[PDB]
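Below is one structure, written out as structure tokens; comments come after it.
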Amino acid sequence: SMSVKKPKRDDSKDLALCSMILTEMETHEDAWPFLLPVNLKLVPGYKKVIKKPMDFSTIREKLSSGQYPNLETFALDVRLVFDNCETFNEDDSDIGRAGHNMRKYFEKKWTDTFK
Ligand SMILES: O=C1CCc2ccc(O)cc2N1
């Protein structure tokens, strides 16, 4: 509260670390469904069903241009990619499996890096 401050994380390396995690995501062999935004003109249902599309290239642009206030807003966008994937794909599909795999991959890097 006013004039009562918590000790807080050293956050000075967060940008670099998030960039490294994103690079690791981008180069994972199962990243292919998530590298670019889904084409809303060509994919039936996607525009109506998925209220907030997100993809790695959009996250990369936001990270490169100061549009994440903190590391938690970055993690929210990454998770959104995989949450969207679950909404639109059966677990028993190539893309459904890819999303589950990438999510697991991300959360371990996240834990290992920041927790
Ligand atoms: O999540 C997605 C991205 C859009 C898409 C297009 C074609 C398809 O067979 C599956 C998908 N799932």
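Scheme for the structure tokens: letters A, B, ... for chains in order shown; per-chain residue numbers from 1; ligand numbers from 1 in order shown.
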Show which residues sit within 12 Å of residue 20 (chain A), as an NGL selection string. Count only C-alpha atoms, and ignore same-chain residues fewer than 4 positions away.
:A and (13-16 or 24-27 or 60 or 63 or 106 or 109-110 or 113)
Restrict the selected residues to C-alpha atoms and save them as a PDB file, in the first residue's frame.
ATOM      1  CA  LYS A  13      16.268  -9.707 -18.080  1.00  0.00           C
ATOM      2  CA  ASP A  14      12.613 -10.614 -18.756  1.00  0.00           C
ATOM      3  CA  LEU A  15      12.525  -9.293 -22.337  1.00  0.00           C
ATOM      4  CA  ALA A  16      15.617 -11.285 -23.356  1.00  0.00           C
ATOM      5  CA  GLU A  24      12.645 -22.133 -28.866  1.00  0.00           C
ATOM      6  CA  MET A  25       8.891 -22.255 -29.586  1.00  0.00           C
ATOM      7  CA  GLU A  26       9.355 -20.969 -33.127  1.00  0.00           C
ATOM      8  CA  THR A  27      11.908 -23.693 -33.923  1.00  0.00           C
ATOM      9  CA  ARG A  60       7.126 -11.891 -31.850  1.00  0.00           C
ATOM     10  CA  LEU A  63       7.575  -8.463 -28.106  1.00  0.00           C
ATOM     11  CA  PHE A 106       6.189 -23.898 -23.109  1.00  0.00           C
ATOM     12  CA  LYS A 109      10.482 -23.528 -20.130  1.00  0.00           C
ATOM     13  CA  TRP A 110       8.344 -21.002 -18.260  1.00  0.00           C
ATOM     14  CA  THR A 113      13.133 -19.916 -16.443  1.00  0.00           C
TER      15      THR A 113
END
What parts of chain A does DSSP call helix (DSSP H, G or I)? I'd like the answer as a ChimeraX atom specification.
/A:14-26,29-34,46-49,56-64,71-88,94-114
Counting only C-alpha atoms and all ligand atoms, give me one row per residue of chain A with an atom at most 10 Å from an atom of ligand 1, showing the shortest contact pair and its distance in Å to one decimal, sorted by chain then residue number, as a Markdown table.
| residue | atom | partner | partner_atom_place_in_ligand_line | distance |
| --- | --- | --- | --- | --- |
| A:32 | CA | ligand 1 | 3 (C) | 9.9 |
| A:33 | CA | ligand 1 | 3 (C) | 6.2 |
| A:34 | CA | ligand 1 | 3 (C) | 7.7 |
| A:36 | CA | ligand 1 | 3 (C) | 9.6 |
| A:37 | CA | ligand 1 | 3 (C) | 8.5 |
| A:38 | CA | ligand 1 | 4 (C) | 5.5 |
| A:39 | CA | ligand 1 | 4 (C) | 7.5 |
| A:40 | CA | ligand 1 | 4 (C) | 8.6 |
| A:42 | CA | ligand 1 | 6 (C) | 8.3 |
| A:43 | CA | ligand 1 | 6 (C) | 5.6 |
| A:44 | CA | ligand 1 | 6 (C) | 7.9 |
| A:45 | CA | ligand 1 | 4 (C) | 9.2 |
| A:46 | CA | ligand 1 | 4 (C) | 6.9 |
| A:50 | CA | ligand 1 | 1 (O) | 9.4 |
| A:53 | CA | ligand 1 | 1 (O) | 9.7 |
| A:55 | CA | ligand 1 | 3 (C) | 10.0 |
| A:81 | CA | ligand 1 | 1 (O) | 9.0 |
| A:82 | CA | ligand 1 | 1 (O) | 9.0 |
| A:83 | CA | ligand 1 | 1 (O) | 9.9 |
| A:84 | CA | ligand 1 | 1 (O) | 7.0 |
| A:85 | CA | ligand 1 | 1 (O) | 4.8 |
| A:86 | CA | ligand 1 | 1 (O) | 7.8 |
| A:87 | CA | ligand 1 | 1 (O) | 8.1 |
| A:88 | CA | ligand 1 | 1 (O) | 5.5 |
| A:89 | CA | ligand 1 | 12 (N) | 5.8 |
| A:90 | CA | ligand 1 | 12 (N) | 9.2 |
| A:93 | CA | ligand 1 | 10 (C) | 8.9 |
| A:94 | CA | ligand 1 | 10 (C) | 8.8 |
| A:95 | CA | ligand 1 | 12 (N) | 6.3 |
| A:96 | CA | ligand 1 | 1 (O) | 7.8 |
| A:98 | CA | ligand 1 | 1 (O) | 9.9 |
| A:99 | CA | ligand 1 | 1 (O) | 8.7 |
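For the set A:72, A:17, A:101, A:35, the residue with the smallest atom-to-atom gap to residue 54 (chain A) is A:35, counting only C-alpha atoms.
Near residue 71 (chain A), within a cut-off of 8 Å and counting only C-alpha atoms, sit the residues residues 14, 15, 18, 68, 69, 73, 74 and 75 of chain A, with same-chain residues fewer than 2 positions away left out.
CA of residue 97 (chain A) to CA of residue 31 (chain A) spans 11.0 Å [interatomic distance, one decimal].
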